[PDB]
Amino acid sequence: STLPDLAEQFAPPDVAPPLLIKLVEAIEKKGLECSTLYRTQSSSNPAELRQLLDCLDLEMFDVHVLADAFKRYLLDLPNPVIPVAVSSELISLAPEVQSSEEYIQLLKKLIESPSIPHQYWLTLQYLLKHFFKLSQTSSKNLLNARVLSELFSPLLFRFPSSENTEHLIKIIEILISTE
Amino acid sequence: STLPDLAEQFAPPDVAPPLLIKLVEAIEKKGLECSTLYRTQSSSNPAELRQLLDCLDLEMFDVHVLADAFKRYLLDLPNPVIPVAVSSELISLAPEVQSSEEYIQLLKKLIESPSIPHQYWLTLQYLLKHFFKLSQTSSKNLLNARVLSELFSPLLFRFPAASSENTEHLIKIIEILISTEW
């Protein structure tokens, strides 16, 4: 697993990692209306998917393989899209905080910290925009913000169930809806 | 006071921050043989030097202003080229770690940590290449690797520490890394 850090894959003024852009654009070209997108088991194994995340046009691949490589990419980032410091803070507040708007404002403040490269928040925004675009054909693909949040929150936060973890999933659900 | 983190200023396959490349190339074009390069102050103050670290072609500036803006850049980085995580570990090493080679081996392992983006080590290497190129016209500019390490180690590490046999060891590895570039 040689996937570089998000901060090593691109820098401002680019808006997202180029590999993630290739994946997302190919998936939206081929899979926007697919009623099992991102919910189907992997026909390929991790080693083969990793091969794909090095090398040529991603439209040539089966869309269910692209969706798996997308998941593989989020799992192989050496640090997750939402860093563990951020997750740890949000989780340790949950008995005491319940306001979703407060968690959301705090997620933005934590992830835009000077100690965290801006690439992390830029990537999260690119992901949220993808997830939101999927949710606009949810009558066909069955992916609304809530389902997208249950699928991807564990890959974004990198967590394997309290009222806490539920609060993280709800944050992502609201963040997808309000784009 | 602005200046983004090294890891936001560029990314692989670029080898260094674009602003730092402009500074180093202009300084080497105009000052390679200058016998007081980096050892004299210019008239400009930090606010004026920071002003320069935004806007023209840097070859237009006085070479002593460029040299001061270089120092200003290393000082205004939100984290130093060699992060405090790395310095804290290197300073904690025992006298039984007598070995310059071991200090260097530990610097490389710690700075290439997954917690530290590759941009930090890449910038350090770009700087070492500059310093090495300076030490090769030492017969004219009077700079050897050891003096370049005494001048720039406090800017690369940015570390308040009493002058110990540890800090002597940090100055020493920078000295060695400058010489062993080519």
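Going from the start of the chain as shown, residues are counted 1 onward.
Technique stated in the header: X-ray crystallography, 2.4 Å.
Quick reminder: no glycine exception, Cβ is built from N, Cα and C everywhere.
Reduced to three states, the DSSP call for A:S42 (phosphoserine) is coil. Positions annotated as phosphoserine by Swiss-Prot, on the basis of similarity to another entry: A:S42 (among others).
The phosphoserine annotation in Swiss-Prot covers A:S161 (among others) and is backed by similarity to another entry. In three-state terms derived from DSSP, A:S161 (phosphoserine) belongs to neither a helical nor a strand segment and is classed as coil.
Residues annotated as site 'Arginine finger' in Swiss-Prot, with sequence analysis given as evidence: A:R39.
Packing around A:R39 (site 'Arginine finger') is summarised by its Cβ count: 14 other Cβ atoms lie within 10 angstroms of its Cβ, all protein chains included. Spanning 2 unmodelled residues, the gap from A:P160 to A:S161 amounts to 9 Å when taken between Cα atoms. Annotated pair A:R39 (site 'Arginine finger') and A:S161 (phosphoserine), C-alpha to C-alpha distance, rounded: 21 Å.
Fewest Cβ neighbours within 10 Å among the modified residues A:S42, A:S161: this applies to A:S161. The two recorded residues A:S42 (phosphoserine) and A:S161 (phosphoserine) have their Cα atoms spaced 25 Å from each other. Two residues, A:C55 and A:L56, bracket 4 residues absent from the model, and the distance between their Cα atoms is 6 angstrom.
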